[PDB]
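Here's the letter readout for the chains.
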Amino acid sequence: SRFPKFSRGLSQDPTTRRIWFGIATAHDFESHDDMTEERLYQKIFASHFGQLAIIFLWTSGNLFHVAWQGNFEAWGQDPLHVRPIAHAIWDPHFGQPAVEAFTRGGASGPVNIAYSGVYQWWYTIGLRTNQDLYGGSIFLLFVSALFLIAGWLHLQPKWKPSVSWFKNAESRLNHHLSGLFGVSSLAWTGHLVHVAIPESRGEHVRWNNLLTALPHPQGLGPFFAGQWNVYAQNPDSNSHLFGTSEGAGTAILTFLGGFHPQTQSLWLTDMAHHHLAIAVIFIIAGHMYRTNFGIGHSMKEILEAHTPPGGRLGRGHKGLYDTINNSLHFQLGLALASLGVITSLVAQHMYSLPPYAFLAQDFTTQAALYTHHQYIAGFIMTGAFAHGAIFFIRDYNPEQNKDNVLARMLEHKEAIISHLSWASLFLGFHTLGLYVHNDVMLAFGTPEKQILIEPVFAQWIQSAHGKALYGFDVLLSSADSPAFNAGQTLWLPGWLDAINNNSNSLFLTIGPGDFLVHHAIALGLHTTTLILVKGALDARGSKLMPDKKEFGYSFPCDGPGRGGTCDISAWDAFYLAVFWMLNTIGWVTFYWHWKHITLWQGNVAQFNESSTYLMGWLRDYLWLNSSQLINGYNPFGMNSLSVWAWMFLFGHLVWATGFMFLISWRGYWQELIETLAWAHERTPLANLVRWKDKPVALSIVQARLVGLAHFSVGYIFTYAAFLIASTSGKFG
Amino acid sequence: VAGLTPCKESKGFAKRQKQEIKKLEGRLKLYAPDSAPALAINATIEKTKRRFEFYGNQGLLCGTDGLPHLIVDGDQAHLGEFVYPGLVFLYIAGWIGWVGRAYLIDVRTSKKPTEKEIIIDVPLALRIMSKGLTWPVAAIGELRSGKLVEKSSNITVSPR
Amino acid sequence: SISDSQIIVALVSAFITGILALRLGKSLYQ
Amino acid sequence: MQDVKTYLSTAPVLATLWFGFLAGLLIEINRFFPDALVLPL
Amino acid sequence: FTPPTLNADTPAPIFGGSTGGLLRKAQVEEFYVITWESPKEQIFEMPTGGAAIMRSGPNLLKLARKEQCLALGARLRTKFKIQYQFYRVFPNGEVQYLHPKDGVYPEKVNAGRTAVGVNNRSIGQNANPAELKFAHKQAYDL
Amino acid sequence: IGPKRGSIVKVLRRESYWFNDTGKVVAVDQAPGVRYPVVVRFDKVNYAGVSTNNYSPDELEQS
Amino acid sequence: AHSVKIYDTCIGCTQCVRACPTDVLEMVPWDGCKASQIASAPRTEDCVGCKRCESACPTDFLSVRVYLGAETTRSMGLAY
Amino acid sequence: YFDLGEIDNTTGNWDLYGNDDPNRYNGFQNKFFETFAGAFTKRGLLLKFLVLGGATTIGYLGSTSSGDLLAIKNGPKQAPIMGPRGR
Amino acid sequence: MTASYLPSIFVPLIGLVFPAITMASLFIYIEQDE
Ligand code: CLA
Ligand code: CLA
Ligand SMILES: CC1=C(/C=C/C(C)=C/C=C/C(C)=C/C=C/C=C(C)/C=C/C=C(C)/C=C/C2=C(C)CCCC2(C)C)C(C)(C)CCC1
Ligand code: SF4
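About the cut-offs
- Residues numbered from 1 in each chain as written, not as in the entry; some residues may be left out.
- Chains lettered and ligands numbered in written order.
- Part of a larger assembly, values for the part shown.
- Heavy atoms only, no water.
- Residues with missing side-chain atoms left out of burial classes, pairs and counts.
- UniProt positions renumbered as here; feature names shortened; annotations may be inferred.
- Pairing = 2+ DSSP bridges.
- Helix = DSSP H or I, 4+ residues; strand = E, 2+ residues; numbered from the N terminus.
- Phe/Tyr/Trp six-rings, centres within 6.5 Å; stacked < 30°, edge-to-face > 60°.
- Buried < 20%, exposed > 50% of the residue type's maximum accessible area, 1.4 Å probe, protein only.
- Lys NZ or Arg CZ within 6 Å of the ring centre and 35° of its normal.
- Near = heavy atom within 4 Å.
- Nonpolar A, V, L, I, M, F, W, Y, C, P; charged D, E, K, R; others polar.
- Polar contact = N/O pair within 3.5 Å; in protein donor to acceptor, adjacent residues only side chain to side chain.
- Contact = heavy atoms within 4.5 Å.
- Axes fitted to C-alpha atoms, helices over the stretch in contact; angles between N-to-C directions.
- Parallel < 35°, antiparallel > 145°, perpendicular 65-115°, else oblique.
- Left-handed = near helix turned anticlockwise from the far one by under 90°.
- Buried area = accessible area lost by both parts, 1.4 Å probe.
- Salt bridge = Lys/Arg side-chain N within 4 Å of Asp/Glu carboxyl O.

Method of structure determination, per the deposited record: cryo-EM was used for this entry, reaching 2.8 Å resolution.

Per the PDB entry, chain G is named Photosystem I iron-sulfur center, and its organism is Physcomitrium patens. Of the comments in the UniProt record for chain G, the one headed Subunit reads "The eukaryotic PSI reaction center is composed of at least 11 subunits."

In the nomenclature of the PDB entry, chain B is known as PSI-F of Physcomitrium patens. Here chain B is described in UniProt, under the heading Subcellular location (unreviewed entry), as follows: "Plastid, Chloroplast thylakoid lumen". Quoted verbatim from the Sequence similarities (unreviewed entry) heading of the UniProt record, the comment on chain B is "Belongs to the PsaF family."

Now the structure itself:
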C-alpha cells in the first residue's frame, strides 16, 4: 500500500504517474477504494473545517502583516496621499536600487503596497490602530484553532455525525438562513451601529466601553416602542468628514442612498439598515422548512407538488429532492452557480457603489478588486458546470428522475446545445464583423463610416434609474412617474446626486463601444455556456460514444477509431471552456480597466472614439497603458513597477509554456523520455543512480490540465501585472 | 434621442468633414493638378463630400465624437438604420436558407444523394433559386402544413 | 505600533494552531 | 460537356463562380452607391 | 496442447547491435524471447530498430516488450510464411510461454479455450454509475 | 424470423448511430440462438465508415 | 490492468484479434452469430489499452470495449 | 544468446566498468576517514542534524550580516520616490 | 517594523529550509514501499 493509499489501483503503478495522480485524485473522495457514505461525508465535513481554518489563518496573516509591517495608522491619518502597505519585503536578491525603490509609504525598508482593499475595508468597519488589527489577528487565530479542534472532533467516533444528519436539508436550510445569513447580518448590524458608525463619527467604541457608549441618544427605547424613525432622525450631513465628530449626525439607521460626499462611498448608516433588513428577512425566511416542531415545509412534497398539469414539464420536479440530497455534486454545482452569480454581483456592485471609505479614490485597488471577483467567479461558475457534468456521470439516476425537468433536459439537450451554438455564432459574426468593419473604416481614413450602435436599451434602463443625460424621461428621470414620487422623499435625493455625477463609476455613460463589448461579453458567456452545457448534457453519452458514463468523468479519449475521439469527455469540455472563461473575463476586465482608465484621468472621449475598433484596444489600451509597465526596469535603471514588469514577462513565460502541453502531445515526449531513460541507464557514473518511479511522459488528461493551469497562471499574472502597473504607476 | 444631436447640426460631424478634405488637400499639394494620381484624390474628395452630405440628410444621430450612431430600437425616425435593411437582409438570408433547404430535399430523393452536393445540379439549383423569391409565403406555408419541421420520432437523437 | 512581546504571543498561538492543523491532518489520514 | 460541365458544376468551381459574381456584384453596388450606412427606402 | 520448451541452444540472428534493445527492465522485471523456425538466411527489420540477418535454422531473439514480439511476429507471418512463438522470461529463471496458448493462433477459433470477459448484454444495457455507487463492481464487470 | 427481407425498418437501439433512422433489411438469420439476426443496411455510414449492422427484432419496428 | 469486455453484439469478424498488438484477444466458440464465434480477453493484463480492436470493430456500437483502469508496467508499454 | 544456466549474463546484468581490486589505499589513510566520518553514517541520524544544523546556519548569517554584506540589511540610503497623485 | 530580524529568520526557513523539510519528507513518503 504505497502512496496514494486511497486508491489501490494507483499504488501498483510503477511510474511517475502514481506520484502525479495521487496529488490530483486526493480530494476526489468518492472515487477512492473501500470507500463508504459515512467516510465520504465526514471527510468532506473535516475538509470544510480545514478550509475554514485556512481562510481564517489567511485573514490572520493579512491582518498581522498590516498591523506589523504596514502603516495602517499613517493611512488612517491621510487615506488620499499614503499608499497602503501590505507587508515588508526581505529578499536576499535585491541590490541597493531595489531596496531604495521599493521603500514606499514612509516605511523603514522595502515594502509591498497593498492593492487588496483591506485598509479601506478595515477603516470603514472601525479598525483604527495597529493594536486593533493585532487583536483581530489573534482572535482569528483562535477562531481557526477552534475550527481545527472541531474538524478533529467530528472525525472522532464519539462525535461522528451520520449521513442522515448530513442529508437533513430542511434543518440545514433553517439554521443557515436563520443563523448563518440572519444572526450574522444582525451581528454585523450590531457592529456597524455600535462600532463603525461612532468610529466614523469620531467616538472610540471598543470592548472596554461597549456597555457604556450608547449608539443613539435614546437607545432601545424607540426600538421597542415602535417609533423606529428616531433611528433615522439626524443623519450625517454633506459637510461630514469621515472619522471626525464635526459635521456628523446621531441617526444609526438611515435610508439616504447614494454616496458619502467626501469618500465617494456608501453610508455606514445605510449599510447598517441594509443589514438589519437582510437580517430580519433572513431570520424570517429561516423559519420556512420543517425540522422538529410540526410546522414548516417538506421540500420533497414542494418539489412533488410543483408539476404543471398540462404536461409541458413532464413530471415537473418529482424525484428531484432525493436527486439533490443524494448527489453531493448537484449541491456543489448549485452552490457554485449561486456563488459565481454573486461573486460577479460582488464585482459589479463594489465599483459602481463603493462600500468602503476612500476605496473609490484608490484606482488600482478598485481595478484589482473587480478583476479578482470576475476571475474567481469565472472559475466558480465553470466549476458549477463541471460539477453538473460530474453529477450526470456519477450521480444522475435516470430511473429516479423519470420524465422530470432534469430528465427532460437530457430529452431536448441537442436543442439547448444547438441554440446556444446559434446564439454564440450570431454574437461572434456580428461582434467580429462590426469590430473588423470599424477597424477597416479607421484604417481607410473614414471614422464616420463605422456602424456605431447606441445601446439604447441599457441607456433606457439608466434613464429609468435616473440618468438625465440621454433625455428619455420615462420614470425616475421624469417627475410625472409614480415611482419617482414614491421615491423622491425617501432614497432618491442621495441616488440622483450619486448617479448624475460624472466622476464616479455609478452607471457610467455608455456608447457604441460599450454596445460592441457587451456583445463580446454575451459572446463570451454564450460560448462558455455552450461548451459547458454541451459537456454537462453529453456527459453520459452521445452519438459518437454512448457509454461516456461508464468511462468516468475525466477520461482522456476513446481511441483514433470512429473518426477520432479526442477531447470527447466532459472534463475536456470544461478544459476547453476554461479558455473561454479566460477570454470572457479578459474581455470584461479589458472593458472595465479601459472604461475606468479613461474615466479616472478625465478623457472619456478616448474610450468613446477608440473602443469601437480593435486597433484602439491594441494601441490606446494594450500599448498605451503598457508604457510604464515594461519600463519598470531598463538598462538605465529600475523603478518601483519592476516587480510588475517581471511578473508581466513571467506571465508570458508560463502561458506560453502551457502551449507546450496544449499543442505537443504525449507520445513524442514518451519516446523522448524513452531515449532519456536509455541515456541514464548507459551513462557511466550516472547509471549507479536508479529511479524507483519509471520516467514516463505526462498523461493525456494531466497534459491538458498542466497546459490549462499554466495558461491560467500566465493569463492571471500577465493581467495582474499589467493592470496593477498601468494604474498604479500612472494614478488616474 | 439618447442624448445624440442630429448629424446635420452637429459641430463635431462638420469638424470631421473639414479635417478629412484638409488631409486629402495636403496630399494633393505634391502632385500636378492635371496628373493621373491627382484625379484619384479629387475623386476621393468628391466621394467624401457626397458621403457627409448623405449622412446628414438621412436624419442620422451624431454623438460627442462627431460620429453617426445607429438607433436599433425600432424608432419611427430611424427605420433605415436597422429595421429597413434588416428586413432587406432577412429576405435575402432567408432566400439563401430556403434554396439550400429545398435543394437538399430535391437531392435526397435521388439515386446518389452525395454526388449532388459535391457536384451541384445547376438546372436543379437554378430552378429553385428563382423559387426562393417568395419564401416567407413558402416557409410559413410549410410551417402551417407541417412540412417545415420533422417529428422527433424520425430524428437521430443521441442517448441519455 | 505593536510591541516585541506581542509577536511572541502571535508566534506561539500560530504554533498551537499549527499543532491543531497537524492533528487534523493525522485524523484526515486515518 | 457531359463531363466538362460536370467539373464546372463541382463545389469549388461553383463557389468561385458564385462568389466571383457575388463579390463582383457587391463591389459594383459599392461603386455607384458607396458609403452606404443607412438604407433610404 | 503441450507448450514448447525453450531450448537455450539455438543461436541468434546476425545483428550488429542496437541501442533499442534490453534495458534494466530485462534485468529486474521481465524480458521476452521469441523463437521461430526459418527456411533460409533472410534479412528482417528489427522491432528495436535496424536490420539483422536471420539464420537458416531456428532463431532466438530477445525483446523487452510483448508488443515487440507481435510487431515482429506479424511481420514474419505476412511477409514470410513462418510460424512463430514467444515466451516471457523472468529474472529468477522462469520461462512463461505466452503465444499461441493453444498452439493455434488466436485469430482462428479453438474448442479448448473458454469465454472470459464476455458480457451477454450490449453496451446500451450496461447499468448507470449512479446505482453502483461505493462498490467494487463497476458498470461493465457484472 | 424477422419482419421481412427488403423491408424498411426503424432502429430502436439507443447506442446505435442509426437510432430513429430508416434502414433496409438485407438478411435475417433463421438459425436459433442468434441474438441479433436482422442485418440492416443504411444509406449513410457511421463514424467507422460502415453501414452494415446486426439488430434484434425487438430493436426494430416496421416504418 | 485494463479491462477489455466483449458484448453479445459481436459477429465474429475476427479483426479485433488481428488488430491486437499484445495478443490479448482470442476467438472462442459461441452460438450467437453466423460465424459461431465471439472474442474474449483472457490476457487482459497484457493490454496496453491502445483500442486498435475498437477501431477495427465494425459493429455499431462496439462489441469489444476497452476500459482504461489501473495501469501497470504492462499497460504503460515501457522497456526500462 | 539465451543460456538457462546463467540468467544474469543473458539479460544485461554486467558490471561494465567495475573492478575487483580489494584495496589500493594504506591503513593510515583509511583509519583517519572512518574515525572522522563515524558520526555521519546513519541516514536517520544524518538527516536530523543536517535539517536542524542547516536551519540554524542560514538564520545566523541571515541576521549577523551587515550593510555591505547584503543589501536587504543595508536599508534605504536615499530619499524615497514619491508616486503619482501625491501618493 | 517592530522586529526587523524576524524577516531575516523566517524568510530563509520558510523559503529554503521548509521546502527542504517538506520535499525531502514527501519524497521519502511517496517512495515508501510499505
Ligand atoms: C444556526 C446554526 C448554524 C450555523 C451558524 C451554521 C454555520 C455553518 N455551517 Mg452548519 N448546520 C447547522 C447549524 C448551523 N450551521 C445545522 C443544524 C445543520 C444540520 C443539518 C448543519 C449542517 C452543516 C453541514 C453538513 C455543513 C455546515 C457548514 C457550515 C458552515 C458554512 C460554510 C461557511 O463557513 O461559509 C460561511 C458562509 C457564510 C458566512 C454565509 C455568507 C453568504 C454569502 C456567500 C456571502 C455574503 C456575505 C458578505 C457579502 C461578504 C462580506 C464579507 C467580506 C467583507 C469579507 C458554517 C460555519 C459546512 C462547513 O463548512 O462545515 C465546517 C458543512 O459541511 N453545516
Ligand atoms: C525564498 C527562497 C530563497 C532564499 C532565501 C534564497 C537566498 C539566497 N539566494 Mg537563492 N534561489 C532560490 C530561492 C532562495 N534563495 C530559488 C527558488 C532560485 C531558483 C530560481 C534561486 C536562485 C539563486 C541562485 C542562482 C543564486 C541565489 C543566491 C542567493 C543568495 C543571495 C544573497 C547573497 O548575496 O548571498 C551570497 C552568498 C552567501 C552568503 C553564501 C551563503 C551560503 C550558505 C552559507 C549555505 C549554508 C548551508 C545551507 C543553509 C544548507 C541548507 C539546508 C536546507 C535545510 C535548506 C541567498 C543565499 C546566490 C548565492 O550566492 O547562493 C548562495 C546565487 O548564486 N539564488
Ligand atoms: C448542468 C447542471 C447543473 C448546473 C447548471 C448551472 C451551473 C446553471 C447555471 C445557471 C445560472 C447561473 C443561472 C442564473 C440565473 C439567474 C437569473 C435567471 C437571474 C434573474 C434575475 C431576475 C429575473 C431578477 C429580477 C429583477 C431585475 C432583472 C431587475 C430589477 C430587479 C428585479 C429583482 C425585479 C446542476 C449543478 C444543477 C446539476 C445538474 C446539471
Ligand atoms: S491518444 Fe491523443 S491522438 Fe490518440 S485518440 Fe486519444 S486524444 Fe486522440
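Student: Can you walk me through the sheet that holds strand β3 (residues 68–70) of chain B in this structure?
Tutor: Each strand in a sheet pairs with another by means of backbone hydrogen bonds, the pair being arranged parallel or else antiparallel. Ordered in space as β3(A)-β3(B)-β2(B)-β1(B), the four strands form an open sheet in which the pairing is mixed. Lying at the two open borders of the sheet, with one neighbouring strand each, are β3 (452–453) of chain A together with β1 (5–6) of chain B. Two strands pair when backbone bridges link them, and β3(A) and β3(B) are joined in this way by two bridges, in the parallel orientation. Bridge assignment links A:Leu452 to a residue of β3(B), and that residue is B:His69.

Student: Got a minute to help me understand the packing of aromatic side chains in this structure?
Tutor: What describes a pair of aromatic rings is the distance from one ring centre to the other and the angle between the planes of the rings. For the structure on display, the rule yields 79 aromatic pairs over all chains. Plain terms: the ring middles of A:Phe391 and A:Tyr396 are 5.7 Å apart, the flat faces sit at 75 degrees to each other, and that makes the pair edge-to-face. For the pair shown, A:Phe391 and A:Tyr396 are each scored as buried. Aromatic side chains E:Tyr87 and E:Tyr97 sit 5.4 Å apart centroid to centroid with 55 degrees between the ring planes, which places their arrangement in the tilted category. Placement of E:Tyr87 in strand β5 (residues 84–89) and of E:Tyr97 in strand β6 (residues 95–99) is noted, with a sequence separation of ten residues between them. Cation over ring: A:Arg17 sits above A:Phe21, and NZ or CZ is 4.4 Å from the ring centre. The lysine or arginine in question, H:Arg85, covers the ring of A:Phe363, its NZ or CZ lying 3.9 Å from the ring centre.

Student: Honestly, the site of ligand 1 in this entry has me stumped. Any pointers?
Tutor: Residue and element names in this part refer to chain A. Taken together, 17 residues lie near ligand 1, and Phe45, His48, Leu52, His175 and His176 sit nearest. Listing elements by their share of the shell around ligand 1, those giving two or more residues are α3 (37–69), α8 (163–166) and α9 (169–180). With six residues, the single largest contributor to the shell around ligand 1 is α9. Counted by class, the shell around ligand 1 contains ten nonpolar, six polar and one charged residues.

Student: What am I meant to see in the side chain of F:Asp21 here?
Tutor: Along the chain, F:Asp21 falls in the loop between β1 (8–11) and β2 (22–28). Of the polar contacts made by the side chain of F:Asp21, one reaches the side chain of B:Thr156; its length is 2.6 Å. Non-local contacts of F:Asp21, meaning those with residues more than four positions away in its chain, are made with B:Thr156, F:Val9, F:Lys10, F:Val11, F:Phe42 and F:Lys44.

Student: So what exactly am I meant to see when it comes to the UniProt feature "binding site: [4Fe-4S] cluster 1" in chain G here?
Tutor: All names here are of chain G. Under the UniProt annotation, "binding site: [4Fe-4S] cluster 1" lies at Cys10, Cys13, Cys16 and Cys57. Sequence-wise these annotated residues cover 48 residues; spatially they are packed, their C-alpha atoms never more than 10.2 Å apart. According to the relative accessible area criterion, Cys57 is buried, its value standing at 9%. Beyond its immediate chain neighbours, meaning those up to four positions away, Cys57 contacts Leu62, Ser63 and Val64.

Student: What is the right way to look at the side chain of A:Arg128 in this model?
Tutor: Along the chain, A:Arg128 turns up in the loop between α6 (118–125) and α7 (130–153). In this structure, A:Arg128 is in contact with A:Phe72, A:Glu73, A:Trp122, A:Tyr123, A:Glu199, A:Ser200, A:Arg206 and A:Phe242, ignoring residues within four places of it in sequence.

Student: Is there a simple way to think about the packing of helix α17 (residues 413–443) of chain A against helix α21 (residues 512–537) of chain A in this case?
Tutor: Two measures define how a pair of helices packs: the angle their axes make with one another and the distance between the axes. Residue and element names in this part refer to chain A. Two elements in contact, α17 and α21, have axes whose closest approach is 8 Å; the angle formed by their N-to-C orientations is 150 degrees. By the criterion of interaxial angle, the relationship of α17 to α21 is roughly antiparallel. Our pair here, α17 against α21, has a crossing hand that is left-handed. Considered class by class, the residues forming the contact of α17 with α21 number 16 nonpolar, ten polar and two charged.

Student: Hey, could you run me through the site of ligand 4 in this one?
Tutor: In the neighbourhood of ligand 4, the contacting residues comprise A:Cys557, A:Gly559, A:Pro560, A:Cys566, A:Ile700 and A:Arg704. Considering only residue class, the shell around ligand 4 consists of four nonpolar, one polar and one charged.

Student: Help me out: how do you make sense of the interface of chain E and chain G in this one?
Tutor: How big an interface is tends to be expressed through the accessible area that disappears when the partners come together. With 34 residues of chain E at the contact, the number on the chain G side is 40 residues. Taking both sides of the interface into account, the surface hidden between chain E and chain G amounts to around 2,900 Å²; carbon and sulfur atoms contribute 57%. The three residues of chain E that bury the most area against chain G are E:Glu107, E:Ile123 and E:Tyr140, which together make up 19% of that side's buried surface. The interface formed by chain E and chain G includes five salt bridges.

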